[PDB]
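Novice: Once you've seen the sequence and the experimental structure below, I've got questions.
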Amino acid sequence: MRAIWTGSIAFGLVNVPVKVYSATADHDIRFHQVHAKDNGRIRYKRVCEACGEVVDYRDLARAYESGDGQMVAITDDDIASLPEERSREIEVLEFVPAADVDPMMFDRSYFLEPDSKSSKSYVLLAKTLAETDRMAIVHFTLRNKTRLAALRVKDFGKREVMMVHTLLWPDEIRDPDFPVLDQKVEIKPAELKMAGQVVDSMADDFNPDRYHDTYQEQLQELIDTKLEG
Amino acid sequence: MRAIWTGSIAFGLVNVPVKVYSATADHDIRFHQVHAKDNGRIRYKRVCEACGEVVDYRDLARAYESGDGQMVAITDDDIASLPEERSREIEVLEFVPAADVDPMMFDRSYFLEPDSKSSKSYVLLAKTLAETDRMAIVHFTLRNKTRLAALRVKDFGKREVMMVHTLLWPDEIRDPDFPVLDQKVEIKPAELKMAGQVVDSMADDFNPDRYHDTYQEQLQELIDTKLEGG
Amino acid sequence: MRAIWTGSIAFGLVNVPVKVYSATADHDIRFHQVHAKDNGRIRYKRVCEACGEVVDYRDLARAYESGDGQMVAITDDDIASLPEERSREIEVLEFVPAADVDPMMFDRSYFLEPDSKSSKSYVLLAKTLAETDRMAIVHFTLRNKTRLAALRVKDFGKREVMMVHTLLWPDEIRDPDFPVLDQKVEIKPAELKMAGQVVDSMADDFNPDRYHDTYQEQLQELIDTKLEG
Amino acid sequence: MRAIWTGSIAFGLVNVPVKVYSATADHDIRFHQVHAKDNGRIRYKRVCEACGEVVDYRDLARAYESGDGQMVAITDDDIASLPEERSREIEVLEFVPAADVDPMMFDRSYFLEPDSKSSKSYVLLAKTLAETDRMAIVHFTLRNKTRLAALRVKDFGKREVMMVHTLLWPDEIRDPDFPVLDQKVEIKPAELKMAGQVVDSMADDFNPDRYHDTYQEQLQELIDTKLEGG
Amino acid sequence: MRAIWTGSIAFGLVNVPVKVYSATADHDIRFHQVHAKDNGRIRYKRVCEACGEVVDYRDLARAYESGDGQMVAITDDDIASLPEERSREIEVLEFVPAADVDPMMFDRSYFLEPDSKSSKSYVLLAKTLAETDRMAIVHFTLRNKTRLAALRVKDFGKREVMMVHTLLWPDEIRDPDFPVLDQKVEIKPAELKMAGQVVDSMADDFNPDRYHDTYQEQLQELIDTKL
Amino acid sequence: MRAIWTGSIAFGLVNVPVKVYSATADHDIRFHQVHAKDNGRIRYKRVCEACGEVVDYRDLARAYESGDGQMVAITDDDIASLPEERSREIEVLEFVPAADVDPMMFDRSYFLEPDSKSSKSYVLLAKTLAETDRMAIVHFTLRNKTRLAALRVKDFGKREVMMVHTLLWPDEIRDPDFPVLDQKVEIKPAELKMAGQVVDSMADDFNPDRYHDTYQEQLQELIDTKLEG
DNA sequence: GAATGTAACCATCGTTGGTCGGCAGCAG
DNA sequence: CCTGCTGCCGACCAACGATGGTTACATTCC
DNA sequence: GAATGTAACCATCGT
DNA sequence: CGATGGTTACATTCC
């Protein structure tokens, strides 16, 4: 496990040096694109539509099109005009109860390890957040773009570990405009009664090891068959 | 809104025909490269390293490389040997308490709209899930790839809408192997109490329309002033 | 075979779309009356007693009669007041044992064909009904006049088909009030055995091909010979 | 209770005098039409669409319409040629186990009483059919039509009555031509196990008093309040 | 221009990552022993002057001898029981008034440079210290020795810089026992008036550019002729 | 309790003879390394390892690399050029209020005692400086060294004793002018109340008997138990 | 809109590179 | 009854090298 | 195009 | 000798 960000959680007088680790890793098998016959590697070569000429990366300019107003042709100077902020701060804004952030906001997950040997500041914040059950909304800038994020603490056995959840911006969520649910449908009490045993017949507790990506497992063994064959 | 999936939630007798809508959009501005001197669109041409010959898509083949073992080509026919997953039904596995699933599992969210002539099965299924405060661990297959997912219900004002959250497989979560937290630090109640005033001074309820993507807003308005000028 | 009803079996979570087919069709011949001297079809003309003139269907009102009363005028306005639903759902009430419904209750028979992309719900419901040997009591609603009905599964060889039997209401069966059977008559076992032997002498299994409508066949052959001249 | 048909049971050397009653009587309210302005009963007038004149019943004949086979006139000697069907005897043919006759077979039901002061023959026949559970397939003619019928014994407390069930001929029963049920599906034991509780949760015992024609009772109260309302 | 020690100031949940700089560097010319004829640096040899045995490093342990206790040896296992004091944080103990700390205790001074541009905590801590006018007594460890230190902010033009002064332990200051002052000596009130006029005669404000060192200035003049 | 330097204060019309005692002595235990088997005193040998010349104490000549290794030699002529500094008295330059001087140049402290039975001169000098709240800046001439020093008065209990502080030369103070300090960020008023509360929470009074060199104190105990054992 | 690649650049760990230290000799 | 002055030697900061990993983006499939 | 209603007749059990 | 319920066959708002 390698870190991807060495910064600090800062709000006012407070500053907690931490290192960010990616909490999740896609276990899907990733392939490569090769020529069918000679099995050589495949490279992508740019070609301008106007002249059919291969162009280098240095000759590219970002463009924006909106329905009709195509070819805005944004230059790199205009980006420099933007107040770019490649900050190294997890800037805490507020502290909200953990129940006020619903699951559809969460985007990604990251771990927080105390970077320095002085972990007292890290422990105190984690202990305070866990005891009072609050979550901190922060401005987390991973590499070049800033994203809304939430600071939460969860226990991995005997270890109290802080964690960062990238959040979707509130305007990024659509609203269900379905008129079907507006009308009222009458449900007899017996049907509500029946819906009980159906749920409790299949009801259980979340056991992680029951669920296995079957398609990936058989894909892995098929590859191993070719590897030995 | 345009649906992305038309099927049903089936776990036996129960079969609720629903349509899936993408709940979350993305407001980020998406650009596309153009030739600087020509302002012409850029196309990608595939070139094979072995011969330099331009390779059409039909003349491609997936390959997998991992340390020892080179040119491990996976042909199309082997994928056919794998049991295909074209399922158009959201197969329900079991029902778990809403709190038993951890927030780090969710990655994507979708809406469920009833599709049959009568929505009684959908409406009443939502009613019991909220009353029992339970989730539903399901198998969801959007486009030829099955993903573990969770079925839950949210209240959007007056409407009660079922919702699908795709989940990461339990083996996708790493363990925080940090020996630093293992060592124990001595603390006093004075600083422990003092941390209360620091946190509670900034404590507030989650207000959605207080956080804005300022960078996108500035970027968006810069586009228009360039668009009008020429 | 043409469908006479398209709906679904619904009792809560479960909703199995099906098509209803008439399981029995009488094989009689429907004769038409014609003029003796003209061979022309006759159309009945509605003649009112108090008017003596032909009255159209628009000017027709239903009346009820009971003893002293007689002219209880009923118009469709009161019919609208009375709840009347053409619900396209075969609502299920319970699952009684199969043997608990006496054959005197059955009135008509219908077939159920699955009418969905997947017939898993239909097939699995049929499988559990047969293995537990139970019968579902439903509220089958044809074109108005909701009727009590029973749902059962019968094997037509290699196909397992669900069927709907319309039932008369339990209050619709008369009471076999016979004073003669109330009194008892002495009978000796000696001649009881003789009655047993004659009964089993004629015993035979059910062969449906053994019985045919002989009179109707003679009627059948009569009018085709006349038709062919 | 009024007798519909009086006769006997044909057996060769055994005769069982008997009177027939209708086991069921529809309780639906029967309406008859009146003038919308005069409240007068309408009497149908038979007018043929070839002369515009009323026709006495002596001047019509039954005709068979079948495709191009029109103008088929059936006179008095045509239907007299068929043998007379009016018979006052219930001709038994065979004796079949009660489980062999299907529920789909039954059409109507009737009651039988001993139409004499000597009921020994009746109670004798019911006894053999009771202990040796069998059904007697008979030819039953009510007024002028001969229908297949099944004879069984049913008990009302301490009373044993033979009941005659009119059976439609086996050639009037259709065959389900559904290719959908021919194909087989993959089903899991978990799905079958789920079907148990849902069936068993709604499982009960057949109680006749639990079901009432709710529409009829609501309809029934409508006339009387109008009758009592003037 | 080099950070002798990089860490943070922590007094609980607060933590201010800083880098220290030596605030004072002596400008006196320092020499090293050189050979008049050989013109080569002299390297000392670890030779025991009791038996002639030539000794090398990584083989000799510390010793402590005084009065009655002689040849009391200390090895590398005895100091292992001593807890390591190599903590890389400046642990703030209290915040005493900035004026009550006696100038007797200061020996060395240091400069605190902020961390990367994430430096709001430093300016915040400096701002409050100047406002209520207090200094923080801390435990400062440079390499391995933990010394009592006082944290104080002070004004440098338009720049607010926090300085880590180091204090001698309170037990290192001797008690002045001067019996010559035990007797009470009467002071003439007229002399106090006489002294009052005397003190303002030479009352001159401190001008750092008024007085320079003379020994150092003269020595470099002779070096100019040689070079 | 041994005097280190005896002299007088040069004032013109005033001259107070005085003995000087060092105020503070470092209490860290000094260790001398000896042989593991011989326990001898390792006396370093000054033999130049460039030509094998055994340089004597008088043979040594201090050299400085300076700019480009110009290790110029110094003989008795040079020290003759500099004025003799064997004077055993110190002189006063100016009187500055104590508030003007700041403590980053203070390094050492020494006591002073009246050397004559006429102690009235000593106390009179002490009285006026305390009344004037000023510190006299002097040149202190220690063993073959002249340093800038600053008298001062301090009351130890009921005893009145003058004190000499030698100051580091003003030219020896570096300039910490960094652009980061020049760069100013925006401070909200919100955390100022929180920052002040945090500092005031841990505010206390300077009681010198609260801090001991616990590392050094308990090492003596280890030595005490090692010597006893 | 969804998966599925490629191709930029950035970032954290690695490890060779000079100071400034804290620990000891000598001056009648 | 002390104190100035240096190498036996030693932990402290930058400049490129490898390796993940993020971000952006076209190309297929509706 | 069946299912649903309703009137028409004659057979028929009850005196 | 008088009434009831059985087959007739007809006009409807239909998946």
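Specialist: Structure received. Numbering: from 1, shown residues only, chains lettered A, B, ... in the order given.

Novice: Look up how far DNA strand H lies from whichever residue of chain A sits closest to chain B.
Specialist: Residue nearest to chain B within chain A: residue A:40 (2.7 Å; C-beta to the nearest C-beta). In short, each C-beta sits where N, CA and C put it, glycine included. Using C-beta to the nearest atom of the strand, to the nearest Å, we find residue A:40 at a distance of 18 Å from DNA strand H.

Novice: Could I get the contacting residues of that residue?
Specialist: A:34, B:48, B:49, B:50, B:51 (C-beta atoms under 8 Å, 6 or more residues apart in numbering or on different chains).

Novice: let's go with 6 Å and repeat that
Specialist: Going by C-beta atoms under 6 Å, 6 or more residues apart in numbering or on different chains, residue A:40 touches B:48, B:49, B:50.

Novice: Specify the local secondary structure of the most centrally placed residue in chain A.
Specialist: Nearest to the mean C-alpha position of chain A, counting by C-alpha atoms, centre = their mean, stands residue A:108 at 2.1 Å. Of the three states, residue A:108 takes strand under DSSP: H, G, I helix; E, B strand; the rest coil.

Novice: That one and chain C, how far apart?
Specialist: Look at residue A:108 and chain C: by C-beta to the nearest C-beta, to the nearest Å, they are 36 Å apart.

Novice: Which residue is the nearest non-sequential neighbour of that residue?
Specialist: Closest residue to residue A:108 apart from its sequence neighbours, by C-beta to C-beta, 6 or more residues apart in numbering or on different chains: residue A:166 at 4.3 Å.

Novice: what sits against that neighbour?
Specialist: A:107, A:108, A:147, A:149.

Novice: Look up which helix or strand it falls in, please.
Specialist: strand A:159-167 (DSSP states H and E).

Novice: Check whether the helix or strand just after that strand comes into contact with chain D.
Specialist: Downstream of strand A:159-167, the first helix or strand assigned by DSSP H and E is helix A:189-202. Yes. Interface with chain D: helix A:189-202 contributes A:194, A:197, A:201 (C-beta under 6 Å from any C-beta of the partner chain).

Novice: ok, back up a step: quick check: the residue nearest to the centre of chain A vs DNA strand I, distance?
Specialist: Residue A:108 sits 59 Å away from DNA strand I, taking C-beta to the nearest atom of the strand as the criterion.

Novice: could I have the longest strand seen in chain A exported to PDB, CA atoms only?
Specialist: Across chain A, the longest stretch assigned as strand under DSSP state E is strand A:146-156. What follows is strand A:146-156, C-alpha atoms only, in PDB (Å, rounded to 0.1, in the frame of the first residue of the first chain):
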ATOM      1  CA  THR A 146     -11.200  20.100  -5.600                       C
ATOM      2  CA  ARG A 147     -14.000  17.800  -4.500                       C
ATOM      3  CA  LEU A 148     -16.400  17.900  -1.600                       C
ATOM      4  CA  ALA A 149     -15.600  15.300   1.000                       C
ATOM      5  CA  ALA A 150     -16.700  14.000   4.400                       C
ATOM      6  CA  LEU A 151     -14.400  13.200   7.300                       C
ATOM      7  CA  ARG A 152     -15.600  10.100   9.300                       C
ATOM      8  CA  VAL A 153     -14.000   7.700  11.800                       C
ATOM      9  CA  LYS A 154     -14.700   4.000  11.800                       C
ATOM     10  CA  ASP A 155     -13.100   1.200  13.800                       C
ATOM     11  CA  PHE A 156     -11.300  -1.700  12.100                       C
END
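
Novice: picking that back up, for the contacts of residue A:40, which one is nearest chain A?
Specialist: residue B:50 (2.7 Å).

Novice: sorry, back to before: please put the alpha-carbon coordinates of the strand holding residue A:166 into CSV.
Specialist: What follows is strand A:159-167, C-alpha atoms only, in CSV (Å, rounded to 0.1, in the frame of the first residue of the first chain):
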residue,chain,number,x,y,z
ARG,A,159,-7.9,0.4,15.6
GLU,A,160,-9.7,3.7,15.4
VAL,A,161,-9.1,5.0,11.8
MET,A,162,-10.2,8.2,10.2
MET,A,163,-11.5,8.0,6.7
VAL,A,164,-12.3,10.4,3.8
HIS,A,165,-15.4,10.0,1.7
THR,A,166,-15.5,12.0,-1.6
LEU,A,167,-19.0,13.4,-2.0
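
Novice: Can you give the distance of that strand from its chain's centre?
Specialist: Once both centres are worked out by C-alpha atoms, centre = their mean, to the nearest Å, strand A:159-167 turns out to sit 12 Å from its chain's centre.

Novice: Near the residue in chain A positioned nearest to DNA strand J, how many other residues are there?
Specialist: For chain A and DNA strand J, the shortest gap (C-beta to the nearest atom of the strand) falls at residue A:185, measuring 21.0 Å. When counting by other C-beta atoms under 10 Å in any protein chain shown, one arrives at 13 neighbours for residue A:185.

Novice: check contacts around it.
Specialist: So, once contact is read as C-beta under 6 Å, 6+ apart, residue A:185 ends up touching B:120, B:123.

Novice: how many neighbours does residue A:102 have?
Specialist: 15.

Novice: same question, residue A:137
Specialist: So residue A:137, with other C-beta under 10 Å, has 24 neighbours.

Novice: Beta-bridge partners for it, please?
Specialist: In this structure, residue A:137 bridges to residue A:94, residue A:150 when assessed by DSSP bridges.

Novice: quick one: it and residue A:93 touch, right?
Specialist: Yes. Here residue A:137 lies in contact with residue A:93, judged by C-beta atoms under 6 Å, at a distance of 4.9 Å.

Novice: circling back: counting neighbours, which of the contacts of residue A:166 comes out on top?
Specialist: The contacts of residue A:166, ranked by neighbours (other C-beta under 10 Å): first place residue A:149, 24 neighbours.

Novice: related to what we said a few turns ago, for the contacts of residue A:40, which one is nearest chain D?
Specialist: Once C-beta to the nearest C-beta is applied, the member of the contacts of residue A:40 that ends up nearest chain D is residue B:48, at 43.3 Å.

Novice: Count the neighbours of residue A:182 for me.
Specialist: 9.

Novice: same question, residue A:37
Specialist: Applying other C-beta under 10 Å, we find 13 residues neighbouring residue A:37.
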